[PDB]
**Student:** 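Here it is, the structure, as structure tokens.
Naming: A, B, ... by sequence-line order, numbering from 1 per chain. Computed from heavy atoms alone, side chains included, the values below leave out hydrogens, waters and symmetry copies.
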Amino acid sequence: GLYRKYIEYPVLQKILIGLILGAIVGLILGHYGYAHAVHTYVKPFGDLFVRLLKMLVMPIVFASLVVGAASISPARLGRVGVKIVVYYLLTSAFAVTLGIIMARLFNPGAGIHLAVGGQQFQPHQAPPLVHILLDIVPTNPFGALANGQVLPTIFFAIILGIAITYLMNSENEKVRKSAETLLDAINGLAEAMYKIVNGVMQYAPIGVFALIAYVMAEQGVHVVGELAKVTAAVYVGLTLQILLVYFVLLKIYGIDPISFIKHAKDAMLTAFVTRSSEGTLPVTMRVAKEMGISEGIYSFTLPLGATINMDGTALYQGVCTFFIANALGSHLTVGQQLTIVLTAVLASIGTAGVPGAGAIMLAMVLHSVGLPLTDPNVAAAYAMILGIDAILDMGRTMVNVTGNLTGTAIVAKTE
Amino acid sequence: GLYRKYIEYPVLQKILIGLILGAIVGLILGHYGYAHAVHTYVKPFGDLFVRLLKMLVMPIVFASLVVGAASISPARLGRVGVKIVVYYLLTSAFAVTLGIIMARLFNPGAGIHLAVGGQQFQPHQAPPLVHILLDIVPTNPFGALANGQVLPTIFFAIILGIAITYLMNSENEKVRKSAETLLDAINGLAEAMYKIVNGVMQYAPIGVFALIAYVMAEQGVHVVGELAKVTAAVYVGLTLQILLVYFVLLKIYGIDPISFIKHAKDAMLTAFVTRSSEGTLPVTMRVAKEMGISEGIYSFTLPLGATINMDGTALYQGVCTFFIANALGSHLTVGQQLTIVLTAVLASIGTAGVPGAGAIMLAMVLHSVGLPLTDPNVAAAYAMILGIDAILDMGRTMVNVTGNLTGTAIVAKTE
Amino acid sequence: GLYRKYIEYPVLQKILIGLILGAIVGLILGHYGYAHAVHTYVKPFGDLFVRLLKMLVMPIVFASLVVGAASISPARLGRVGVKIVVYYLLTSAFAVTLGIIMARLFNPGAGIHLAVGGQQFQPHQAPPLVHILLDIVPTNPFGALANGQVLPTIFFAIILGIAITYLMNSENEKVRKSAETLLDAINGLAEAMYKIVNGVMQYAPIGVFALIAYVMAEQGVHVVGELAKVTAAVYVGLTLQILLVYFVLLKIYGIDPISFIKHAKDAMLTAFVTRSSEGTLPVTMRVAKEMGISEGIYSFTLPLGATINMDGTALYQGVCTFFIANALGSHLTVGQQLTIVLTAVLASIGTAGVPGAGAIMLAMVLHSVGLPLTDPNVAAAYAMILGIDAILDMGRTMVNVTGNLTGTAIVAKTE
Ligand SMILES: N[C@@H](CC(=O)O)C(=O)O
Ligand SMILES: N[C@@H](CC(=O)O)C(=O)O
Ligand SMILES: N[C@@H](CC(=O)O)C(=O)O
Ligand code: NA
Ligand code: NA
Ligand code: NA
Ligand code: NA
Ligand code: NA
Ligand code: NA
């Protein structure tokens, strides 16, 4: 039947067909002013795909991390954490530098007609760092699970797994049996979640088509002029990030880039369409599992990187800061560029793994170089950037997920 | 001792004694203007009974559905879903038609003195259907469990059970063992919940007495005149719904109606007193379990029907729409009656399984026939209806639960 | 290394060093007006310790209580509950009487210069008792777990454990196996939580230092004059409560007070610094486990007492009521003193196990003797008391936890 024929077709080809055709359809409909129709009837399928992916985030993350922490010694986990944090920081700094270079090679926003009088934006307020750090520890793990909050779930899961391992080495028979039973149940939950991810990827092509079509119909028509040059700068910078950092590092550490891409294509495409690292996390974790990476490594690195490691976001923040600076006519000094590097790395760390968060966090980077959002001209340039936010978000989320996978693979190789 | 004597007495007789005596006491106290006293000291016992029943809804539903979906093939589950949805729609349409017939045989609200100047009601706003459908898929299953949300729990539980079955057929020993352990733990939780339901049914008589007494003391004195004819129409229609639909269908499909009633009496009485299908769900599921129905069928059908299958609600909506129409003096044409049938079926589907929801959803049916709640006269008639809402809600919730059980039994017989 | 040397050092000595040095440092810094600096950089470590302790409350309570109720017959549980409630009420009444005696021996607030014009306080409103009692039964156990709510969790856990035991005695093999698996998994979770408590107690010294330093720097400088006499009355009364009630009862029932103190020192110190019985509950439960007390007793008594049994709170409420009365110049009659005893016992029962709750609940006791917070003078005295609230809260929380442990030990001995 038709359903059997659809299911039997390879998932990669279906996803690619959906992506290309959704792009074409969305562009055509947007030019012809049917973006409202696309939002009304096409978007819900993509929303369903996104919801299905998000449904699996907390269970898979919690269960897989508990099992992995149970299967890995604490010292090794600490070494892995140190290595992955170093990799995260270095890659984010390199991404911001590459974005600045791309902005300087081109000149997005130079000699741009700026129109004042649009919507205003409230100045970015620095949240207290101490509160952010303390929030890593949950006051109620059940509440953290019920309210999302991936990072506190990670903390509690690691602690629980270490405790379970310590119990499984005890002298009491009953304690050992109870710990074994709990661990087996949690592992069963994790495997069930991975199977469900397999199932959802079959519906993935329809959601991919819908999401890309909506994004095109809503924003692609706005990719013209200075905004087109911004988009080109960002996307060339993302491509260079991939080729110069991830490919080179995989070559250095002995990982075949071609096999890596073959394994990671599904996660990359899901990140591209959903624009959510957190939402794409189940697919990324399945990719790591298929790569043969130990659970104790990826179950910890990928959920953490989905929040704190965003190379594409950092590159985009740098490029957009330079664009807004040129639009205002101001020139950024070398010290200001280094301030941009530091602040964009920090903002990328603080950016949530959800659509549109990087554009919001760009305000902190802009403020760091004396470009407050309260200024009417800065507000106008920021509004211009926000118009094509989803277009850039697709690529930058894709690069974020790709970098997370590259780091996980490298760290696994080193262990 | 007294406690032992109370516990040893049959539960059915205790519940019936409580029901009759609470009805008498509440009526007498209401006539004598002691409804405040009943609300203050008698109602809390019924509130406790309701809370105890609601405590078991989410765990029993989730665990039983996971186990049942694990024990049933997906194809069979789909066939069962199709059959049960067909039965739901047909029975709801028949219920609305029967309500219209009862309204036309009598004439509730004909020549009624209508007084304007009471409370006004905001016009019913149609919620977006796409959002309602999307909400079936939870973005966080833990959040869905923690916030009620039976339908998303059903979705996630079915998916999890199917995945667990697929794991239990794998070639890996460890995966099979982990899936077995998880399934066994969930099944233990479900059986514990059923035992707790058994325990709560022992306290049920006191709560039944309290609830019926409060309802009588608060609203029975208002059942006079045109409202008495409305109540008679609704209750005769509900009785006819039972006898003409459920009894006849059980006879057709070979199920003995007498044995069915003997098994289902506890759920029917609990629904009558609590006026909550969702709250009565644990008792209904226990009834189905005692009937010998397979878990894979009832664990799916009953939680779904508790939301989307409400024959009594549909019949009540039709009768009340006709009552409000006569009160306004307007005459409903045949096409308007068919509009009423369709819209009342839709409203019954959308009505929540909680007390008083059907009266709220009646606004959509009224609007469908050009009787907006903004009109002062429509508002007056609606307020008159709301005065005896609980009296009608008892019977209509009872019929809703009875129809859910009848459909589950028929579908089980056909499989 | 330094970390190994720190970890190897005995936990008791580390905690004591931290306590003493934090007290000294906080006092010195507060005199020198650096309380802001202590709040900014020192307090976060104590906040981290408190958060880590609170992270374990719900899982440990739920799992341990389920296991204990499964391991104990319902009749024995009822007998234990009756005994512990009797002990709670008697000890709280004695504590209030002792506080009144201490207030009368000294004269806190006598001849005190009262300044009007400060912040006003809204009159205490008596919450409905029926709603409070009904809230003991949760409408959703998952929601109760996710939102804290220790008491509903206790109720559901006891019910679940009893049901599990009844299942483990069934004739069905599958039901018995499923119940066994569920119980084993829950027990594994409980043991893991206890191990995590062991781990957190290693960091406890730093948090103790930080918390005591902040409390001193913020409020100790205010302990002068009439407030110093209030503090002396409260602390002498707490010491007398310990020695006259807990020590004497332990001697009577054959429990060695010295061994009891050696086992309970960690919980006592944690309660002293955190000022939260609920937050200290994991440490208290670990203390009871190390004492050899059966899980079926302590897993029920300690979580319940952490809410409803607060001797230190009752004593503090009595002392502060007398202080406010003298400050106003009013004289309390014997009947008013007995009203104080009853109302302070009730307020201590209703006081939450969190910092500063007893001061809030003191309003009910004050109102019971015609000292409404709306009066400007009563408001001034209340504000004066609130200035040193944390100083008194430390000791009163310590005494609350000590009394809970004493009652658990006595009840265990009697069984
Ligand atoms: N949407 C991106 C973050 C961003 O907005 O830049 C992500 O989820 O990774
Ligand atoms: N209370 C009914 C719905 C209604 O209000 O009609 C039920 O729970 O089934
Ligand atoms: N903080 C105390 C209660 C109080 O405020 O008196 C406790 O947790 O026990
Ligand atoms: Na990075
Ligand atoms: Na981030
Ligand atoms: Na129906
Ligand atoms: Na409904
Ligand atoms: Na007490
Ligand atoms: Na209390």
**Student:** For atom NZ of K177(B), is the number of surrounding heavy atoms from other residues, nucleotides or ligands below 6.0 Å larger than 12?
**Tutor:**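 Incorrect, the count does not exceed 12.
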**Student:** Rounded to the nearest 0.5 Å, how far apart are CG of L56(A) and CZ of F156(B)?
**Tutor:**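 Reported value, rounded in 0.5 Å steps: 7.5 Å.
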**Student:** Should the heavy atoms of other residues, nucleotides or ligands under 6.0 Å from OH of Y203(B) be counted, would the total exceed 12?
**Tutor:**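 Yes, OH of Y203(B) has more than 12 neighbouring heavy atoms, counting only those of other groups under 6.0 Å.
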**Student:** Checking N172(B) against chain A: side chain, backbone, both or neither under 4.5 Å from a heavy atom?
**Tutor:**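 Neither; nothing under 4.5 Å.
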**Student:** Could you tell me if the side chain of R51(A) sits less than 4.5 Å from the side chain of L134(B), heavy atoms only?
**Tutor:**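 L134(B) vs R51(A): side chains touch.
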**Student:** What part of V130(B) gets within 4.5 angstrom of chain A, counting heavy atoms only: side chain, backbone, both, or neither?
**Tutor:**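 Contact with chain A is through the side chain of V130(B) alone.
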**Student:** Can you tell me how far CG of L52(A) sits from CZ of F155(B), rounded to the nearest 0.5 angstrom?
**Tutor:**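 It is 5.0 Å, given to the nearest 0.5 Å.
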**Student:** Under 4.5 Å from any heavy atom of chain B, what part of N147(A) do you find: side chain, backbone, both or neither?
**Tutor:**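 Contact with chain B involves the backbone of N147(A) alone.
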**Student:** If you measure from CZ on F62(A) to CZ on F142(B), what distance do you get to the nearest 0.5 Å?
**Tutor:**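 Going from CZ on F62(A) over to CZ on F142(B), the span is 7.0 Å.
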**Student:** Mind checking which of residues 180-196 of chain A sit less than 4.5 Å from chain B, heavy atom to heavy atom?
**Tutor:**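 Near chain B, by residue number: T181(A), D184(A), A185(A), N187(A), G188(A), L189(A), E191(A), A192(A), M193(A), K195(A), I196(A).
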